[PDB]
Amino acid sequence: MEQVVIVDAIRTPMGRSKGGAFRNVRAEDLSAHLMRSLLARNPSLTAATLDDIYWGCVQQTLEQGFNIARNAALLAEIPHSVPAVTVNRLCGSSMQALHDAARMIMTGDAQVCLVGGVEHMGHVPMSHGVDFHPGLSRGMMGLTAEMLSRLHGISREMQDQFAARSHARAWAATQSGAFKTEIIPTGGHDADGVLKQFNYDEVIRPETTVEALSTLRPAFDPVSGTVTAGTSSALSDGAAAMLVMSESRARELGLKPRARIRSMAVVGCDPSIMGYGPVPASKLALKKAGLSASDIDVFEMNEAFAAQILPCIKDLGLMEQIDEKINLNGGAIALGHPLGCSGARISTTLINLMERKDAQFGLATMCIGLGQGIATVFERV
Amino acid sequence: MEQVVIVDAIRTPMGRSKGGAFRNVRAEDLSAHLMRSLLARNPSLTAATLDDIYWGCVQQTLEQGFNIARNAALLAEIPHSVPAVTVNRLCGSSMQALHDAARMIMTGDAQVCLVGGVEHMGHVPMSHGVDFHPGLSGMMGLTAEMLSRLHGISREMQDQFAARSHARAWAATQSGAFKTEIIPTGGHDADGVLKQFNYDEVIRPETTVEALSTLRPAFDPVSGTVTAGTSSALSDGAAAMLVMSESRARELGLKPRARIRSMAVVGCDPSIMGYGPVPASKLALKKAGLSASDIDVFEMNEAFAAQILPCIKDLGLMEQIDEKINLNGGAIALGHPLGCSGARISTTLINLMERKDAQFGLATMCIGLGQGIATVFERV
Ligand SMILES: [Ca+2]
Ligand SMILES: [Ca+2]
Ligand SMILES: [Cl-]
Ligand SMILES: [Cl-]
Ligand code: NA
């Protein structure tokens, strides 16, 4: 079986969904922009040699409906002979896209694929078109969302410190140019309604402090709740993308792999213990890779809530490694959690950090709504 | 890499979307019904050993939103530990579910998966929540009818093929040919009384070429040839398959009913609607090391008679239509519930392969906005 290498990995800026950069830019255009860009940045790839396009997106209606992967590819002027499919495993959708594309390559059904995802939460909000089956109805929000923080004694103060850290790290990455290698300037509109090329994550708040976060009211129970809006993922609009191929094809084309997929895992877990997914998903991915958590040099763990990611970090035995290894350029608290895009976004952030840290192994993992988890171990070379 | 075998393949009846069987049954319930059924029918499979569930569905909002694969699996009381994902390649979605699950097994990331799909077109119609990018392109007569104009497929030829679809589907209904694949499914009869349906309510046995000849063109009034009567029906339904490595099947003492020989997906020109099955099938056959003549049974999704006839012609199969193609009818009679159709035609194909003692079958379909998907199955 062929091994699967990532040859390029890019993303849009994360726009503020509530009135920000991409309020007048459609999901298919954010997507098409990255698809076009992946091709443009890699001249040795002839576009018609793409074998498939896998794209994550959750709220598949309105501008995200009717197979956005294909709509975006047509808008990007990728040859119509290249097929395209849209994948939905909620939060993990574009990491799923990576997995299915990689397996298409491993089996020889493909040699090159585009992978990525998008979520335009400003245009197709999570609350839009909801009709949950009565049979899944399952105070209950706090009960479930804070189960892990109650279990692991993760206080409001620890959550606020982690959230302040997310913005501080994302801002330091912005200021130092550390995100320049992954962000493709993308057109949006500034506060005055004027066309603007964005080359930074609008959604990061450099004014964030632990003091200010400490003023906020609990999102759930007013008396015992610890989660706040300030320690939950931001609401952003964005896309992320990767060019993946067999190691053979990369060699033929004379492209240096940026990373290789070492293992992939996806798991179910109890939906009522929200956010636990990364633990069994990461353990399974590590087992499949022949590695332990200690072998991993850089982790990207999606920050849906500080109240959930901290327990996961604690359970994987990583609490003392947070500042050396985990979400080193911040995470979804600062950058947002545009569902469809997040899997490829954290994989893109991870690979760039691996390069800068000269890391041998990286792990990207995330929780998934209604009790799932997904993880990928990446290896450099 | 492991060979991937299909141990079971089942579907609901196709309910009439306009006020028929499943008007009060949710998409997640049609899906969960089939998941439960696969488990009941294969008792040596322990549900906690499922490695994933891939489910096709296109209109993923309302009751089909928020990853219906998972929601249906939880409703079916499949253990929480089993993951689930919903896939969307329009018309080809549940065939895509098959391919991705197959490859998960081939690479050893899985040993057993559920595959299937659903589309409840009554509850989430194709016209709901549409916002098509202004910069982009089955409507518009020019594109829908291009193949029929290139190949000289007349109104009369289209009406003939459509009447044949209902006739073959009704014959299958009467002969018991669908008994093995249809799981009786709760719906409501015309008076609102609970009823277990075990037949495809949407088929119209009274269809005649004479009646079809009366209909108006769907597109241009003057020169249009396609009609609603020669386009796929609107039905609600689900289909599902239990797929596993040949090794795991042996361990569980479950008999393989077919195995995957090859898989293909291709893009094609979106302005030449319905052509996908041609390059998809040619690619699948090439990868299989087979020719079209090796295939004993073909399932070619009937989006429009005007498009499937040219596809048949370009694959060199015009003389084999009654011998090999859509032998129990197709989407003109049975409907085209997008998410479900890939697994549905695969299910119908595998059961026909058994009834005909075939070695090779090919199932293929066009996909909106210019794609094609195909699978070659083998029965050893
Ligand atoms: Ca480069
Ligand atoms: Ca080391
Ligand atoms: Cl069956
Ligand atoms: Cl077989
Ligand atoms: Na490796």
# chains A, B, ... in the order shown; residues from 1 in each chain; ligands from 1
>>> interface_residues(of="chain A", to="chain B", cutoff="6 Å", atoms="only C-alpha atoms", output="PDB file with N, CA and C atoms, in the first residue's frame")
ATOM      1  N   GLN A  60     -25.183  21.577   5.699  1.00  0.00           N
ATOM      2  CA  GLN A  60     -25.293  21.462   4.250  1.00  0.00           C
ATOM      3  C   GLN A  60     -26.657  21.853   3.696  1.00  0.00           C
ATOM      4  N   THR A  61     -26.932  23.147   3.792  1.00  0.00           N
ATOM      5  CA  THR A  61     -28.117  23.745   3.197  1.00  0.00           C
ATOM      6  C   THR A  61     -27.765  25.170   2.769  1.00  0.00           C
ATOM      7  N   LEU A  62     -28.694  25.836   2.075  1.00  0.00           N
ATOM      8  CA  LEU A  62     -28.425  27.172   1.529  1.00  0.00           C
ATOM      9  C   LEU A  62     -27.107  27.096   0.735  1.00  0.00           C
ATOM     10  N   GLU A  63     -26.208  28.061   0.916  1.00  0.00           N
ATOM     11  CA  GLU A  63     -24.988  28.088   0.095  1.00  0.00           C
ATOM     12  C   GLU A  63     -24.038  26.926   0.364  1.00  0.00           C
ATOM     13  N   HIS A  80     -13.585  19.718 -14.950  1.00  0.00           N
ATOM     14  CA  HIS A  80     -14.795  19.043 -14.519  1.00  0.00           C
ATOM     15  C   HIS A  80     -14.663  17.540 -14.423  1.00  0.00           C
ATOM     16  N   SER A  81     -13.598  16.988 -15.001  1.00  0.00           N
ATOM     17  CA  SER A  81     -13.342  15.557 -14.915  1.00  0.00           C
ATOM     18  C   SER A  81     -12.964  15.120 -13.498  1.00  0.00           C
ATOM     19  N   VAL A  82     -12.577  16.066 -12.638  1.00  0.00           N
ATOM     20  CA  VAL A  82     -12.213  15.712 -11.259  1.00  0.00           C
ATOM     21  C   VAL A  82     -13.496  15.635 -10.427  1.00  0.00           C
ATOM     22  N   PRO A  83     -13.738  14.487  -9.774  1.00  0.00           N
ATOM     23  CA  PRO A  83     -14.928  14.355  -8.930  1.00  0.00           C
ATOM     24  C   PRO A  83     -14.728  14.998  -7.547  1.00  0.00           C
ATOM     25  N   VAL A  85     -16.637  15.144  -3.317  1.00  0.00           N
ATOM     26  CA  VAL A  85     -17.654  14.652  -2.353  1.00  0.00           C
ATOM     27  C   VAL A  85     -17.593  15.465  -1.055  1.00  0.00           C
ATOM     28  N   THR A  86     -18.754  15.665  -0.407  1.00  0.00           N
ATOM     29  CA  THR A  86     -18.815  16.416   0.866  1.00  0.00           C
ATOM     30  C   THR A  86     -19.083  15.440   2.005  1.00  0.00           C
ATOM     31  N   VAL A  87     -18.298  15.583   3.071  1.00  0.00           N
ATOM     32  CA  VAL A  87     -18.267  14.669   4.212  1.00  0.00           C
ATOM     33  C   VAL A  87     -18.788  15.351   5.483  1.00  0.00           C
ATOM     34  N   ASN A  88     -19.603  14.645   6.263  1.00  0.00           N
ATOM     35  CA  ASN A  88     -20.137  15.239   7.482  1.00  0.00           C
ATOM     36  C   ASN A  88     -19.972  14.263   8.651  1.00  0.00           C
ATOM     37  N   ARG A  89     -18.944  14.463   9.478  1.00  0.00           N
ATOM     38  CA  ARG A  89     -18.869  13.852  10.809  1.00  0.00           C
ATOM     39  C   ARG A  89     -18.784  14.994  11.824  1.00  0.00           C
ATOM     40  N   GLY A 129     -32.325  25.484  10.763  1.00  0.00           N
ATOM     41  CA  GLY A 129     -32.887  24.211  10.254  1.00  0.00           C
ATOM     42  C   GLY A 129     -32.770  23.026  11.189  1.00  0.00           C
ATOM     43  N   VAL A 130     -32.813  23.285  12.497  1.00  0.00           N
ATOM     44  CA  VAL A 130     -32.685  22.227  13.493  1.00  0.00           C
ATOM     45  C   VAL A 130     -34.021  21.532  13.668  1.00  0.00           C
ATOM     46  N   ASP A 131     -34.012  20.201  13.617  1.00  0.00           N
ATOM     47  CA  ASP A 131     -35.191  19.401  13.946  1.00  0.00           C
ATOM     48  C   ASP A 131     -34.650  18.088  14.525  1.00  0.00           C
ATOM     49  N   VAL A 267     -13.568   7.071  16.732  1.00  0.00           N
ATOM     50  CA  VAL A 267     -14.273   6.321  17.773  1.00  0.00           C
ATOM     51  C   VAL A 267     -15.582   6.983  18.153  1.00  0.00           C
ATOM     52  N   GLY A 268     -16.490   6.172  18.679  1.00  0.00           N
ATOM     53  CA  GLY A 268     -17.687   6.675  19.346  1.00  0.00           C
ATOM     54  C   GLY A 268     -17.433   6.706  20.835  1.00  0.00           C
ATOM     55  N   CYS A 269     -18.208   7.529  21.522  1.00  0.00           N
ATOM     56  CA  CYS A 269     -18.216   7.504  22.972  1.00  0.00           C
ATOM     57  C   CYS A 269     -19.569   7.979  23.474  1.00  0.00           C
ATOM     58  N   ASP A 270     -19.730   8.016  24.799  1.00  0.00           N
ATOM     59  CA  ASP A 270     -21.003   8.398  25.391  1.00  0.00           C
ATOM     60  C   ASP A 270     -21.390   9.852  25.106  1.00  0.00           C
TER      61      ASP A 270
END
>>> residues_near_ligand(ligand="ligand 1", cutoff="7 Å", atoms="only C-alpha atoms and all ligand atoms", output="JSON list (two decimals) with N, CA and C atoms, in the first residue's frame")
[["chain", "number", "residue", "atom", "x", "y", "z"],
["A", 8, "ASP", "N", 1.10, 20.10, 0.76],
["A", 8, "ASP", "CA", 0.80, 21.49, 1.10],
["A", 8, "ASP", "C", -0.43, 21.53, 1.98],
["A", 41, "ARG", "N", 0.00, 27.18, -5.96],
["A", 41, "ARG", "CA", 1.24, 27.11, -5.17],
["A", 41, "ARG", "C", 2.11, 25.91, -5.52],
["A", 42, "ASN", "N", 1.55, 24.98, -6.28],
["A", 42, "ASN", "CA", 2.21, 23.72, -6.59],
["A", 42, "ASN", "C", 2.20, 23.47, -8.10]]
>>> residues_near_ligand(ligand="ligand 4", cutoff="8 Å", atoms="only C-alpha atoms and all ligand atoms", output="CSV table (one decimal) with C-alpha atoms, in the first residue's frame")
chain,number,residue,atom,x,y,z
B,5,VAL,CA,-17.6,-8.9,1.1
B,6,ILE,CA,-21.2,-8.0,1.4
B,256,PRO,CA,-20.7,-13.7,1.6
B,257,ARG,CA,-23.5,-12.8,-0.9
B,258,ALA,CA,-21.2,-10.7,-3.1
B,259,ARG,CA,-17.8,-9.1,-3.0
B,378,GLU,CA,-18.6,-10.5,-8.0
B,379,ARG,CA,-20.4,-13.6,-6.6
B,380,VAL,CA,-18.0,-16.4,-6.3
>>> closest_atom_pairs(of="chain B", to="ligand 3", cutoff="9 Å", atoms="only C-alpha atoms and all ligand atoms", output="CSV")
residue,atom,partner,partner_atom_place_in_ligand_line,distance
B:8,CA,ligand 3,1 (Cl),5.8
B:9,CA,ligand 3,1 (Cl),4.7
B:10,CA,ligand 3,1 (Cl),4.7
B:11,CA,ligand 3,1 (Cl),7.9
B:178,CA,ligand 3,1 (Cl),8.4
B:179,CA,ligand 3,1 (Cl),8.0
B:180,CA,ligand 3,1 (Cl),4.6
B:181,CA,ligand 3,1 (Cl),3.6
B:182,CA,ligand 3,1 (Cl),7.0
B:183,CA,ligand 3,1 (Cl),8.5
B:241,CA,ligand 3,1 (Cl),8.7
B:257,CA,ligand 3,1 (Cl),9.0
B:347,CA,ligand 3,1 (Cl),6.7
B:348,CA,ligand 3,1 (Cl),8.1
B:350,CA,ligand 3,1 (Cl),7.8
B:351,CA,ligand 3,1 (Cl),6.2
>>> residues_around(residues="residue 238 of chain A", least_positions_apart="5", cutoff="12 Å", atoms="only C-alpha atoms", output="compact mmCIF listing (two decimals) with N, CA, C and O atoms, in the first residue's frame")
# COMPACT_ATOMS: atom_id res chain seq x y z
N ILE A 10 -3.01 24.70 3.77
CA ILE A 10 -3.25 26.15 3.81
C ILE A 10 -4.64 26.41 4.41
O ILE A 10 -5.46 25.51 4.54
N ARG A 11 -4.89 27.66 4.77
CA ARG A 11 -6.19 27.99 5.31
C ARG A 11 -6.50 29.45 5.02
O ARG A 11 -5.60 30.23 4.72
N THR A 12 -7.77 29.80 5.08
CA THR A 12 -8.13 31.21 5.08
C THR A 12 -7.86 31.80 6.48
O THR A 12 -7.67 31.06 7.44
N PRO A 13 -7.85 33.14 6.59
CA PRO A 13 -8.02 33.72 7.92
C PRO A 13 -9.33 33.23 8.51
O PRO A 13 -10.25 32.86 7.77
N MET A 14 -9.42 33.24 9.83
CA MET A 14 -10.69 32.98 10.53
C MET A 14 -11.41 34.31 10.70
O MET A 14 -10.97 35.18 11.45
N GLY A 15 -12.52 34.48 9.98
CA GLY A 15 -13.29 35.72 10.07
C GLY A 15 -14.27 35.69 11.21
O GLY A 15 -14.81 34.63 11.53
N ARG A 16 -14.54 36.84 11.83
CA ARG A 16 -15.58 36.90 12.87
C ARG A 16 -16.94 36.69 12.24
O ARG A 16 -17.36 37.46 11.38
N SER A 17 -17.65 35.63 12.65
CA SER A 17 -18.98 35.38 12.08
C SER A 17 -19.98 36.52 12.36
O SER A 17 -20.77 36.84 11.50
N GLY A 20 -18.23 40.19 10.75
CA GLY A 20 -16.84 40.34 10.31
C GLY A 20 -16.49 40.13 8.85
O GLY A 20 -17.27 40.39 7.94
N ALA A 21 -15.24 39.73 8.64
CA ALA A 21 -14.56 39.80 7.36
C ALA A 21 -15.34 39.18 6.22
O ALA A 21 -15.34 39.72 5.11
N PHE A 22 -15.98 38.03 6.48
CA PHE A 22 -16.58 37.22 5.42
C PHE A 22 -18.10 37.29 5.37
O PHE A 22 -18.76 36.46 4.73
N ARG A 23 -18.67 38.34 5.98
CA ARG A 23 -20.12 38.46 6.04
C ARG A 23 -20.76 38.56 4.66
O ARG A 23 -21.96 38.27 4.49
N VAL A 25 -19.09 37.12 1.86
CA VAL A 25 -18.35 36.17 1.02
C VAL A 25 -18.95 34.80 1.25
O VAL A 25 -19.10 34.35 2.39
N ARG A 26 -19.31 34.13 0.16
CA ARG A 26 -19.98 32.83 0.27
C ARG A 26 -19.06 31.66 0.60
O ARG A 26 -17.86 31.67 0.29
N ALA A 27 -19.63 30.66 1.25
CA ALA A 27 -18.88 29.45 1.61
C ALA A 27 -18.20 28.80 0.40
O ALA A 27 -17.06 28.32 0.53
N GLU A 28 -18.87 28.79 -0.75
CA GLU A 28 -18.28 28.14 -1.92
C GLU A 28 -17.06 28.94 -2.41
O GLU A 28 -16.13 28.35 -2.96
N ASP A 29 -17.07 30.25 -2.19
CA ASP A 29 -15.96 31.10 -2.63
C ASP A 29 -14.76 30.99 -1.73
O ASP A 29 -13.63 30.94 -2.23
N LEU A 30 -14.99 30.90 -0.41
CA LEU A 30 -13.88 30.65 0.52
C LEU A 30 -13.20 29.33 0.13
O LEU A 30 -11.97 29.20 0.10
N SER A 31 -14.03 28.32 -0.15
CA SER A 31 -13.54 27.00 -0.53
C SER A 31 -12.80 27.04 -1.86
O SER A 31 -11.69 26.50 -1.98
N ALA A 32 -13.41 27.68 -2.86
CA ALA A 32 -12.83 27.71 -4.20
C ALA A 32 -11.48 28.41 -4.13
O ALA A 32 -10.52 28.00 -4.80
N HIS A 33 -11.40 29.45 -3.30
CA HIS A 33 -10.17 30.24 -3.15
C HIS A 33 -9.03 29.35 -2.69
O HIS A 33 -7.90 29.44 -3.19
N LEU A 34 -9.28 28.50 -1.69
CA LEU A 34 -8.22 27.61 -1.23
C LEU A 34 -7.88 26.54 -2.27
O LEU A 34 -6.72 26.14 -2.42
N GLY A 56 -15.09 18.70 4.01
CA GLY A 56 -15.93 18.65 5.19
C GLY A 56 -16.83 19.86 5.25
O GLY A 56 -16.40 21.00 4.97
N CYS A 57 -18.07 19.61 5.63
CA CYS A 57 -19.02 20.69 5.90
C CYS A 57 -20.22 20.10 6.60
O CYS A 57 -20.73 19.04 6.23
N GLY A 116 -10.13 19.06 2.48
CA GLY A 116 -10.30 20.31 3.21
C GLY A 116 -11.71 20.41 3.75
O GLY A 116 -12.42 19.40 3.92
N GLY A 117 -12.09 21.63 4.06
CA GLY A 117 -13.44 21.82 4.60
C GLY A 117 -13.74 23.30 4.76
O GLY A 117 -12.84 24.16 4.67
N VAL A 118 -15.01 23.59 5.03
CA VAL A 118 -15.44 24.98 5.20
C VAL A 118 -16.61 25.01 6.16
O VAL A 118 -17.38 24.04 6.23
N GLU A 119 -16.73 26.10 6.92
CA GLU A 119 -18.02 26.36 7.58
C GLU A 119 -18.24 27.84 7.64
O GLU A 119 -17.40 28.57 8.17
N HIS A 120 -19.36 28.30 7.09
CA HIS A 120 -19.66 29.70 7.11
C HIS A 120 -20.77 29.87 8.11
O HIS A 120 -21.94 29.77 7.78
N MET A 121 -20.39 30.07 9.36
CA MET A 121 -21.38 30.02 10.40
C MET A 121 -22.23 31.27 10.46
O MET A 121 -23.36 31.24 10.97
N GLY A 122 -21.71 32.36 9.92
CA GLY A 122 -22.47 33.59 9.81
C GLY A 122 -23.61 33.39 8.83
O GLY A 122 -24.73 33.85 9.08
N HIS A 123 -23.36 32.70 7.72
CA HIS A 123 -24.43 32.46 6.74
C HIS A 123 -25.37 31.28 7.03
O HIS A 123 -26.53 31.30 6.63
N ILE A 183 -1.62 30.91 6.26
CA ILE A 183 -2.77 31.75 5.88
C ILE A 183 -2.59 32.27 4.46
O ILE A 183 -1.54 32.83 4.14
N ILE A 184 -3.58 32.06 3.59
CA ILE A 184 -3.61 32.65 2.24
C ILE A 184 -4.44 33.91 2.38
O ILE A 184 -5.56 33.84 2.91
N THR A 186 -7.11 36.51 1.94
CA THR A 186 -8.45 36.21 1.40
C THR A 186 -9.28 37.48 1.45
O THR A 186 -9.25 38.21 2.44
N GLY A 187 -10.04 37.74 0.39
CA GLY A 187 -10.82 38.97 0.32
C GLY A 187 -12.04 38.93 1.21
O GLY A 187 -12.76 37.91 1.27
N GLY A 188 -12.26 40.03 1.91
CA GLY A 188 -13.47 40.20 2.70
C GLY A 188 -13.81 41.67 2.69
O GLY A 188 -13.46 42.38 1.74
N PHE A 198 -7.67 40.18 3.81
CA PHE A 198 -7.31 39.77 5.16
C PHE A 198 -6.18 38.77 5.16
O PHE A 198 -6.26 37.75 4.49
N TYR A 200 -4.75 37.87 8.36
CA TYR A 200 -4.68 37.54 9.78
C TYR A 200 -6.05 37.15 10.29
O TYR A 200 -7.09 37.50 9.69
N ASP A 201 -6.05 36.42 11.40
CA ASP A 201 -7.31 35.97 12.02
C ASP A 201 -8.02 37.09 12.80
O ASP A 201 -7.66 37.41 13.94
N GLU A 202 -9.04 37.64 12.17
CA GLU A 202 -9.78 38.80 12.71
C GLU A 202 -10.38 38.49 14.06
O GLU A 202 -10.59 39.36 14.92
N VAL A 203 -10.67 37.21 14.25
CA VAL A 203 -11.40 36.76 15.41
C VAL A 203 -10.56 36.71 16.71
O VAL A 203 -11.10 36.70 17.81
N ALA A 332 -9.16 27.00 19.15
CA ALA A 332 -10.50 27.47 18.75
C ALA A 332 -11.12 28.50 19.67
O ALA A 332 -12.03 29.21 19.27
N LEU A 335 -9.49 31.20 17.78
CA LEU A 335 -9.59 31.15 16.30
C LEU A 335 -10.98 30.73 15.79
O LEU A 335 -11.26 30.81 14.59
N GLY A 336 -11.83 30.25 16.69
CA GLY A 336 -13.14 29.76 16.28
C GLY A 336 -13.14 28.30 15.91
O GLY A 336 -12.09 27.67 15.73
N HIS A 337 -14.36 27.76 15.80
CA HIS A 337 -14.57 26.35 15.50
C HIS A 337 -15.59 26.25 14.34
O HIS A 337 -16.70 25.79 14.54
N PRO A 338 -15.20 26.68 13.14
CA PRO A 338 -16.07 26.50 11.96
C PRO A 338 -16.09 25.01 11.61
O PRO A 338 -15.15 24.49 11.00
N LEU A 339 -17.16 24.33 12.00
CA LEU A 339 -17.14 22.89 12.09
C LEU A 339 -16.45 22.20 10.91
O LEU A 339 -15.47 21.47 11.08
N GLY A 340 -16.96 22.42 9.71
CA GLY A 340 -16.45 21.69 8.54
C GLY A 340 -14.96 21.87 8.30
O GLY A 340 -14.28 20.99 7.76
N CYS A 341 -14.45 23.02 8.69
CA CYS A 341 -13.08 23.41 8.39
C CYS A 341 -12.09 22.96 9.48
O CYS A 341 -10.90 22.71 9.19
N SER A 342 -12.60 22.75 10.69
CA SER A 342 -11.69 22.60 11.84
C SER A 342 -10.70 21.45 11.76
O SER A 342 -9.54 21.61 12.17
N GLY A 343 -11.11 20.30 11.24
CA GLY A 343 -10.20 19.16 11.14
C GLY A 343 -8.97 19.47 10.30
O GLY A 343 -7.82 19.21 10.70
N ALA A 344 -9.20 20.03 9.12
CA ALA A 344 -8.09 20.41 8.26
C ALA A 344 -7.35 21.64 8.80
O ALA A 344 -6.16 21.79 8.58
N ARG A 345 -8.05 22.52 9.52
CA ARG A 345 -7.41 23.72 10.07
C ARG A 345 -6.38 23.32 11.13
O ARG A 345 -5.23 23.78 11.09
>>> residues_near_ligand(ligand="ligand 2", cutoff="9 Å", atoms="only C-alpha atoms and all ligand atoms", output="number ranges by chain")
A: 294-297, 359-361
>>> write_last_selection(atoms="N, CA and C atoms", output="short mmCIF file (atom, residue, chain, number, x, y, z; two decimals), in the first residue's frame")
data_model
loop_
_atom_site.label_atom_id
_atom_site.label_comp_id
_atom_site.auth_asym_id
_atom_site.auth_seq_id
_atom_site.Cartn_x
_atom_site.Cartn_y
_atom_site.Cartn_z
N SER A 294 4.02 10.28 24.95
CA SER A 294 5.32 10.90 25.16
C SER A 294 6.17 11.03 23.88
N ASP A 295 5.86 10.25 22.85
CA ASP A 295 6.61 10.35 21.59
C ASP A 295 6.21 11.56 20.77
N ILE A 296 5.04 12.08 21.05
CA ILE A 296 4.49 13.18 20.27
C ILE A 296 5.15 14.46 20.70
N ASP A 297 5.66 15.22 19.73
CA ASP A 297 6.32 16.48 20.01
C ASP A 297 5.38 17.70 19.99
N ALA A 359 9.81 18.82 14.65
CA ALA A 359 9.20 17.70 15.34
C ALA A 359 9.18 16.45 14.46
N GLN A 360 9.35 15.28 15.07
CA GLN A 360 9.25 14.02 14.36
C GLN A 360 7.80 13.55 14.29
N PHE A 361 7.06 13.75 15.38
CA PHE A 361 5.69 13.25 15.47
C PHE A 361 4.75 14.35 15.95
#
>>> decode(residues="segment 81-98 of chain A", atoms="N, CA and C atoms", output="PDB file, in the first residue's frame")
ATOM      1  N   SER A  81     -13.598  16.988 -15.001  1.00  0.00           N
ATOM      2  CA  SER A  81     -13.342  15.557 -14.915  1.00  0.00           C
ATOM      3  C   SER A  81     -12.964  15.120 -13.498  1.00  0.00           C
ATOM      4  N   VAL A  82     -12.577  16.066 -12.638  1.00  0.00           N
ATOM      5  CA  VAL A  82     -12.213  15.712 -11.259  1.00  0.00           C
ATOM      6  C   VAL A  82     -13.496  15.635 -10.427  1.00  0.00           C
ATOM      7  N   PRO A  83     -13.738  14.487  -9.774  1.00  0.00           N
ATOM      8  CA  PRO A  83     -14.928  14.355  -8.930  1.00  0.00           C
ATOM      9  C   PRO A  83     -14.728  14.998  -7.547  1.00  0.00           C
ATOM     10  N   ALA A  84     -15.819  15.078  -6.781  1.00  0.00           N
ATOM     11  CA  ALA A  84     -15.788  15.786  -5.498  1.00  0.00           C
ATOM     12  C   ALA A  84     -16.923  15.322  -4.601  1.00  0.00           C
ATOM     13  N   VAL A  85     -16.637  15.144  -3.317  1.00  0.00           N
ATOM     14  CA  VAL A  85     -17.654  14.652  -2.353  1.00  0.00           C
ATOM     15  C   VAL A  85     -17.593  15.465  -1.055  1.00  0.00           C
ATOM     16  N   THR A  86     -18.754  15.665  -0.407  1.00  0.00           N
ATOM     17  CA  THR A  86     -18.815  16.416   0.866  1.00  0.00           C
ATOM     18  C   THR A  86     -19.083  15.440   2.005  1.00  0.00           C
ATOM     19  N   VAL A  87     -18.298  15.583   3.071  1.00  0.00           N
ATOM     20  CA  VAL A  87     -18.267  14.669   4.212  1.00  0.00           C
ATOM     21  C   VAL A  87     -18.788  15.351   5.483  1.00  0.00           C
ATOM     22  N   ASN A  88     -19.603  14.645   6.263  1.00  0.00           N
ATOM     23  CA  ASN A  88     -20.137  15.239   7.482  1.00  0.00           C
ATOM     24  C   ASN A  88     -19.972  14.263   8.651  1.00  0.00           C
ATOM     25  N   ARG A  89     -18.944  14.463   9.478  1.00  0.00           N
ATOM     26  CA  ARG A  89     -18.869  13.852  10.809  1.00  0.00           C
ATOM     27  C   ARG A  89     -18.784  14.994  11.824  1.00  0.00           C
ATOM     28  N   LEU A  90     -19.772  15.897  11.755  1.00  0.00           N
ATOM     29  CA  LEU A  90     -19.835  17.121  12.569  1.00  0.00           C
ATOM     30  C   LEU A  90     -18.458  17.772  12.676  1.00  0.00           C
ATOM     31  N   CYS A  91     -18.021  18.049  13.906  1.00  0.00           N
ATOM     32  CA  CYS A  91     -16.730  18.736  14.179  1.00  0.00           C
ATOM     33  C   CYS A  91     -15.522  18.109  13.497  1.00  0.00           C
ATOM     34  N   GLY A  92     -15.608  16.815  13.237  1.00  0.00           N
ATOM     35  CA  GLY A  92     -14.458  16.108  12.695  1.00  0.00           C
ATOM     36  C   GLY A  92     -14.488  15.980  11.171  1.00  0.00           C
ATOM     37  N   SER A  93     -15.454  16.632  10.517  1.00  0.00           N
ATOM     38  CA  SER A  93     -15.681  16.418   9.061  1.00  0.00           C
ATOM     39  C   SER A  93     -14.445  16.519   8.158  1.00  0.00           C
ATOM     40  N   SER A  94     -13.601  17.539   8.321  1.00  0.00           N
ATOM     41  CA  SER A  94     -12.493  17.647   7.357  1.00  0.00           C
ATOM     42  C   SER A  94     -11.298  16.766   7.752  1.00  0.00           C
ATOM     43  N   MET A  95     -11.275  16.302   9.001  1.00  0.00           N
ATOM     44  CA  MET A  95     -10.313  15.263   9.345  1.00  0.00           C
ATOM     45  C   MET A  95     -10.785  13.930   8.774  1.00  0.00           C
ATOM     46  N   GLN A  96     -12.097  13.698   8.791  1.00  0.00           N
ATOM     47  CA  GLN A  96     -12.669  12.537   8.100  1.00  0.00           C
ATOM     48  C   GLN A  96     -12.332  12.591   6.612  1.00  0.00           C
ATOM     49  N   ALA A  97     -12.465  13.773   6.024  1.00  0.00           N
ATOM     50  CA  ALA A  97     -12.131  13.958   4.596  1.00  0.00           C
ATOM     51  C   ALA A  97     -10.684  13.524   4.352  1.00  0.00           C
ATOM     52  N   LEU A  98      -9.772  13.960   5.231  1.00  0.00           N
ATOM     53  CA  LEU A  98      -8.378  13.511   5.144  1.00  0.00           C
ATOM     54  C   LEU A  98      -8.252  12.006   5.197  1.00  0.00           C
TER      55      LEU A  98
END
